[PDB]
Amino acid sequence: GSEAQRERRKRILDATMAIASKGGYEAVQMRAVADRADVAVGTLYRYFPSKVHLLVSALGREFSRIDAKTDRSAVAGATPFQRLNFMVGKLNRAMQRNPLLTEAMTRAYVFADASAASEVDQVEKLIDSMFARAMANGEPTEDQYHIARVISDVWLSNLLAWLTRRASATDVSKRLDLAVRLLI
């Protein structure tokens, strides 16, 4: 709605990501987010009705932005195979840039119940679409969207393994390009 309100929302989401960067999920505490966005906690709950909604919107907003910084690059490589490997890689890297910030958003994303479905949906759609439109070098086909979904599922699984120290960054890229190749 109003300019001030769009400005409060952004301030709340910048706080959340600043805090998550230094402390992960356990440090994204609602008094701390509020305090640092200079709002009372009741105002915080007016804008985001749970810690999880808050984090899934922060993750929604970060992917929207990556989606912008990704339009020429994603459509750079000369074959679908290559454009996909490239997009997977840029996204993998973006996530590895701040493990604790990634950790907070990703766990909220998979933990979210049905009351957050609409926020969880946007993030899943954005990710599917970044992959599809890179693979297809523009508007994807039906087959290319379905392939893109499978690759987002593989990505998420591997990201969760990387976060829980069950897999290294090497294991993750090996499993990802393994999946890409089996579907192209």
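In this text, residue numbers run from 1 along the sequence as written. What we label the rigid core is the largest C-alpha set whose atoms superpose within 1.5 Å from one form to the other.
The segment moving more, judged by mean Cα distance from this form in 7 other deposited structures of this protein after a core overlay, is 153-161 among 153-161 and 50-58.
Between stretches 14-22 and 170-178, the one whose Cα atoms sit farther from the displayed model in 7 other deposited structures of this protein on average is 170-178 (core-aligned, root mean square).
Compared with the other entries of this protein, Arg93 is consistently built, present in every one of those that build its neighbours rather than absent from a third. Among the other PDB entries of this protein that were compared and that flank it with modelled residues, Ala104 is modelled in all, so it is never left out in a third of them. A summary of the deposited B-factors shows that, of 98-106 and 70-78, the stretch with the larger mean C-alpha value is 70-78.
Relative to one another, 42-50 and 57-65 have unequal mean CA B-factors, and 57-65 is the one with the higher figure. Residue set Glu119, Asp35, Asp153, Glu139: peak C-alpha B-factor at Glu139 (per PDB entry). Among the modelled residues of its chain, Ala132 has a C-alpha B-factor that falls in the middle third, as given in the PDB entry.
Sort the modelled residues of the chain by CA B factor and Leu84 lands in the middle third. Per the deposited record, the Cα B-factor of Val28 falls in the lowest third when ranked against the other modelled residues of its chain.
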